[PDB]
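The block underneath contains the structure these notes are about, expressed in structure tokens.
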Amino acid sequence: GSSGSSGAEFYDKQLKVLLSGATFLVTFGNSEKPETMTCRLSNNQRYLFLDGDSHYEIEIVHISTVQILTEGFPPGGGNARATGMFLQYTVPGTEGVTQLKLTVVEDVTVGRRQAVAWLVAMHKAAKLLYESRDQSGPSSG
């Protein structure tokens, strides 16, 4: 078996799925109704972008907490069961914290495979981003 040279092929297989961008339902604190938006990662998966009614962007550097909203008990065997998403972040200027929710659209062409795959993928990375460092060198170790 080979350890590796750079990155984790496993985590890399998702990098493509994340960037691709999946459709979800974004709900703003003010808006009570879900709106169809697009969630994708940046070139260096170091920032999140949004496209829709307006130009929105959620910097991962600001994001504090990031968890996935699970309906409940798993329908089948063991998998990345995920129907929704929960992310927390603060904006410079306002007062308090802003959270963003992402759900799977109930349209004919949504791509449950890609969508559900994106959610899990995001969290997965969001874990290494904190649990560990991105670049090995500048660390204070």
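Chain labels A, B, ... are given in the sequence in which chains occur in the structure tokens; within each chain residues are numbered consecutively from 1, and ligands are likewise numbered from 1 in the order shown.
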
* Write out as a ChimeraX atom specification which residues come within 10 Å of range 58-65 of chain A when counting only C-alpha atoms, dropping same-chain ones fewer than 3 positions away. => /A:39,41-42,45-50,86-92,97-100,123,126-127,129-130

Export C-alpha atoms of the chosen residues as an mmCIF file, in the first residue's frame?
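Contents of part.cif, freshly written:
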data_model
loop_
_atom_site.group_PDB
_atom_site.id
_atom_site.type_symbol
_atom_site.label_atom_id
_atom_site.label_comp_id
_atom_site.auth_asym_id
_atom_site.auth_seq_id
_atom_site.Cartn_x
_atom_site.Cartn_y
_atom_site.Cartn_z
ATOM 1 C CA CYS A 39 -23.596 26.238 -3.498
ATOM 2 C CA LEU A 41 -16.418 25.889 -3.500
ATOM 3 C CA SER A 42 -13.609 28.167 -4.677
ATOM 4 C CA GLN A 45 -11.898 25.127 -1.767
ATOM 5 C CA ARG A 46 -11.026 27.833 0.759
ATOM 6 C CA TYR A 47 -14.217 29.837 0.241
ATOM 7 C CA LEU A 48 -17.886 29.174 -0.511
ATOM 8 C CA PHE A 49 -19.819 30.962 -3.256
ATOM 9 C CA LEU A 50 -23.541 31.392 -3.914
ATOM 10 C CA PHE A 86 -26.404 23.828 8.805
ATOM 11 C CA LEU A 87 -23.633 26.432 8.696
ATOM 12 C CA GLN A 88 -22.802 29.283 11.072
ATOM 13 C CA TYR A 89 -20.869 32.460 10.277
ATOM 14 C CA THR A 90 -20.580 36.130 11.235
ATOM 15 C CA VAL A 91 -20.480 39.203 8.997
ATOM 16 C CA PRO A 92 -18.386 42.344 9.618
ATOM 17 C CA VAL A 97 -24.392 35.467 13.997
ATOM 18 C CA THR A 98 -25.867 34.404 10.657
ATOM 19 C CA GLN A 99 -26.727 30.797 9.817
ATOM 20 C CA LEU A 100 -27.418 29.254 6.408
ATOM 21 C CA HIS A 123 -18.646 18.798 6.325
ATOM 22 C CA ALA A 126 -14.788 21.469 7.175
ATOM 23 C CA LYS A 127 -13.509 18.933 9.704
ATOM 24 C CA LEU A 129 -9.901 22.529 8.121
ATOM 25 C CA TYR A 130 -10.128 22.808 11.907
#

* Record the distance separating CA of residue 18 in chain A and CA of residue 115 in chain A, expressed in Å with one decimal. =>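 It comes out at 9.2 Å.
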
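The nearest approach to residue 38 in chain A among the residues A:117, A:8, A:102, A:80, with only C-alpha atoms taken into account, belongs to A:102.
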
* Near range 22-30 of chain A, counting only C-alpha atoms, which residues have an atom at most 10 Å away, once you skip same-chain residues fewer than 5 positions from it, shown as a PyMOL selection string? -> chain A and resi 17+35-40+50-52+83-85+98-106+109-119

* Write down as a list in words the residues belonging to range 31-90 of chain A that are assigned strand (DSSP E) by DSSP computed on the backbone. =>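 Secondary structure check on range 31-90 of chain A, strand (DSSP E): residues 35, 36, 37, 38, 39, 40, 41, 47, 48, 49, 50, 51, 55, 56, 57, 58, 59, 66, 67, 86, 87, 88 and 89 of chain A.
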
Now that the selection is made, can you save its residues with C-alpha atoms as a PDB file, in the first residue's frame?
ATOM      1  CA  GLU A  35     -35.189  29.785  -2.303  1.00  0.00           C
ATOM      2  CA  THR A  36     -33.411  27.730  -4.965  1.00  0.00           C
ATOM      3  CA  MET A  37     -29.728  28.665  -4.796  1.00  0.00           C
ATOM      4  CA  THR A  38     -26.382  27.222  -5.890  1.00  0.00           C
ATOM      5  CA  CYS A  39     -23.596  26.238  -3.498  1.00  0.00           C
ATOM      6  CA  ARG A  40     -20.029  25.630  -4.671  1.00  0.00           C
ATOM      7  CA  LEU A  41     -16.418  25.889  -3.500  1.00  0.00           C
ATOM      8  CA  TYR A  47     -14.217  29.837   0.241  1.00  0.00           C
ATOM      9  CA  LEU A  48     -17.886  29.174  -0.511  1.00  0.00           C
ATOM     10  CA  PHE A  49     -19.819  30.962  -3.256  1.00  0.00           C
ATOM     11  CA  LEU A  50     -23.541  31.392  -3.914  1.00  0.00           C
ATOM     12  CA  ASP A  51     -25.546  32.239  -7.034  1.00  0.00           C
ATOM     13  CA  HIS A  55     -24.427  37.607  -5.567  1.00  0.00           C
ATOM     14  CA  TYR A  56     -23.628  35.961  -2.232  1.00  0.00           C
ATOM     15  CA  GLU A  57     -20.394  34.533  -0.830  1.00  0.00           C
ATOM     16  CA  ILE A  58     -19.679  32.836   2.498  1.00  0.00           C
ATOM     17  CA  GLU A  59     -15.991  32.987   3.414  1.00  0.00           C
ATOM     18  CA  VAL A  66     -20.655  23.614  10.342  1.00  0.00           C
ATOM     19  CA  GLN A  67     -22.967  20.636  10.833  1.00  0.00           C
ATOM     20  CA  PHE A  86     -26.404  23.828   8.805  1.00  0.00           C
ATOM     21  CA  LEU A  87     -23.633  26.432   8.696  1.00  0.00           C
ATOM     22  CA  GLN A  88     -22.802  29.283  11.072  1.00  0.00           C
ATOM     23  CA  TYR A  89     -20.869  32.460  10.277  1.00  0.00           C
TER      24      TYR A  89
END

* Atom pair CA of residue 81 in chain A / CA of residue 53 in chain A: separation (Å) ->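 Answer for the CA of residue 81 in chain A to CA of residue 53 in chain A separation: 28.8 Å.
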
* Distance CA of residue 120 in chain A-CA of residue 69 in chain A, one decimal place? -> 10.3 Å

* Once DSSP has gone over the backbone, tell me which residues of chain A are in alpha helix (DSSP H), as a VMD selection string. => chain A and resid 9 to 20 112 to 131

Generate the output file for the selected residues, N, CA, C and O atoms, as a short mmCIF file (atom, residue, chain, number, x, y, z; two decimals), in the first residue's frame.
data_model
loop_
_atom_site.label_atom_id
_atom_site.label_comp_id
_atom_site.auth_asym_id
_atom_site.auth_seq_id
_atom_site.Cartn_x
_atom_site.Cartn_y
_atom_site.Cartn_z
N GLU A 9 -6.39 11.19 -1.83
CA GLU A 9 -7.21 10.76 -2.96
C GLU A 9 -8.68 10.65 -2.56
O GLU A 9 -9.57 11.08 -3.30
N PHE A 10 -8.92 10.08 -1.39
CA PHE A 10 -10.28 9.91 -0.89
C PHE A 10 -11.00 11.26 -0.80
O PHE A 10 -12.10 11.43 -1.32
N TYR A 11 -10.36 12.21 -0.13
CA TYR A 11 -10.93 13.54 0.04
C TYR A 11 -10.88 14.33 -1.27
O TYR A 11 -11.59 15.32 -1.44
N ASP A 12 -10.03 13.88 -2.19
CA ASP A 12 -9.87 14.54 -3.48
C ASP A 12 -11.02 14.17 -4.41
O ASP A 12 -11.47 14.99 -5.21
N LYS A 13 -11.50 12.93 -4.30
CA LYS A 13 -12.59 12.46 -5.14
C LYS A 13 -13.83 13.33 -4.96
O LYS A 13 -14.70 13.38 -5.83
N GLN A 14 -13.91 14.02 -3.82
CA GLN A 14 -15.04 14.89 -3.53
C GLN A 14 -14.78 16.30 -4.05
O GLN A 14 -15.70 16.98 -4.53
N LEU A 15 -13.54 16.75 -3.95
CA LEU A 15 -13.16 18.08 -4.41
C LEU A 15 -13.86 18.42 -5.72
O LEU A 15 -14.32 19.55 -5.91
N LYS A 16 -13.94 17.45 -6.61
CA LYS A 16 -14.59 17.64 -7.91
C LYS A 16 -16.10 17.77 -7.74
O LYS A 16 -16.74 18.57 -8.43
N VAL A 17 -16.66 16.98 -6.83
CA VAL A 17 -18.10 17.02 -6.58
C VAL A 17 -18.51 18.32 -5.91
O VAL A 17 -19.58 18.87 -6.21
N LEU A 18 -17.66 18.82 -5.02
CA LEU A 18 -17.94 20.07 -4.32
C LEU A 18 -17.91 21.26 -5.27
O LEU A 18 -18.87 22.03 -5.36
N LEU A 19 -16.81 21.39 -6.00
CA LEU A 19 -16.65 22.49 -6.96
C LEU A 19 -17.81 22.51 -7.95
O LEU A 19 -18.44 23.55 -8.16
N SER A 20 -18.09 21.36 -8.55
CA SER A 20 -19.18 21.25 -9.52
C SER A 20 -20.34 22.16 -9.14
O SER A 20 -20.89 22.87 -9.98
N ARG A 112 -30.07 14.04 -6.49
CA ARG A 112 -29.91 13.57 -5.12
C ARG A 112 -28.50 13.03 -4.89
O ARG A 112 -27.91 13.25 -3.84
N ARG A 113 -27.97 12.33 -5.89
CA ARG A 113 -26.63 11.76 -5.80
C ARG A 113 -25.59 12.86 -5.56
O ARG A 113 -24.82 12.79 -4.61
N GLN A 114 -25.58 13.86 -6.43
CA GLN A 114 -24.64 14.96 -6.32
C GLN A 114 -24.94 15.81 -5.08
O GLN A 114 -24.04 16.12 -4.30
N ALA A 115 -26.20 16.17 -4.91
CA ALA A 115 -26.62 16.97 -3.77
C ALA A 115 -26.19 16.33 -2.46
O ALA A 115 -25.34 16.86 -1.74
N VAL A 116 -26.78 15.18 -2.15
CA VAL A 116 -26.46 14.46 -0.92
C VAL A 116 -24.95 14.24 -0.79
O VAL A 116 -24.41 14.21 0.31
N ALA A 117 -24.29 14.09 -1.93
CA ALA A 117 -22.84 13.87 -1.94
C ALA A 117 -22.09 15.15 -1.58
O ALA A 117 -21.04 15.10 -0.94
N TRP A 118 -22.64 16.28 -2.00
CA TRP A 118 -22.02 17.57 -1.71
C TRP A 118 -22.06 17.88 -0.22
O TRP A 118 -21.03 18.20 0.38
N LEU A 119 -23.24 17.78 0.37
CA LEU A 119 -23.42 18.05 1.79
C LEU A 119 -22.34 17.35 2.61
O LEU A 119 -21.52 18.00 3.27
N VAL A 120 -22.33 16.02 2.57
CA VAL A 120 -21.35 15.24 3.31
C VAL A 120 -19.93 15.70 2.99
O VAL A 120 -19.12 15.89 3.89
N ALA A 121 -19.64 15.86 1.70
CA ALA A 121 -18.32 16.30 1.27
C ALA A 121 -17.90 17.57 1.99
O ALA A 121 -16.79 17.66 2.51
N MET A 122 -18.79 18.56 2.01
CA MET A 122 -18.51 19.83 2.66
C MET A 122 -18.06 19.61 4.11
O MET A 122 -16.93 19.93 4.47
N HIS A 123 -18.95 19.06 4.92
CA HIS A 123 -18.65 18.80 6.33
C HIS A 123 -17.30 18.09 6.46
O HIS A 123 -16.44 18.52 7.22
N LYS A 124 -17.13 17.00 5.72
CA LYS A 124 -15.89 16.23 5.76
C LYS A 124 -14.68 17.15 5.73
O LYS A 124 -13.80 17.07 6.59
N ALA A 125 -14.64 18.04 4.73
CA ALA A 125 -13.53 18.98 4.59
C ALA A 125 -13.51 19.97 5.75
O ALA A 125 -12.45 20.25 6.32
N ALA A 126 -14.68 20.51 6.09
CA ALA A 126 -14.79 21.47 7.18
C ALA A 126 -14.19 20.91 8.46
O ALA A 126 -13.86 21.66 9.38
N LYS A 127 -14.06 19.59 8.53
CA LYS A 127 -13.51 18.93 9.70
C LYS A 127 -11.99 19.04 9.72
O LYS A 127 -11.40 19.44 10.72
N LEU A 128 -11.36 18.68 8.61
CA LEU A 128 -9.91 18.74 8.49
C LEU A 128 -9.41 20.19 8.56
O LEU A 128 -8.30 20.45 9.01
N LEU A 129 -10.25 21.11 8.11
CA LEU A 129 -9.90 22.53 8.12
C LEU A 129 -9.60 23.01 9.54
O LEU A 129 -8.75 23.86 9.75
N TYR A 130 -10.32 22.44 10.51
CA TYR A 130 -10.13 22.81 11.91
C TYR A 130 -9.33 21.74 12.65
O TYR A 130 -8.28 22.02 13.22
N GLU A 131 -9.84 20.51 12.63
CA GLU A 131 -9.17 19.40 13.30
C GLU A 131 -7.69 19.35 12.93
O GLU A 131 -6.88 18.78 13.66
#
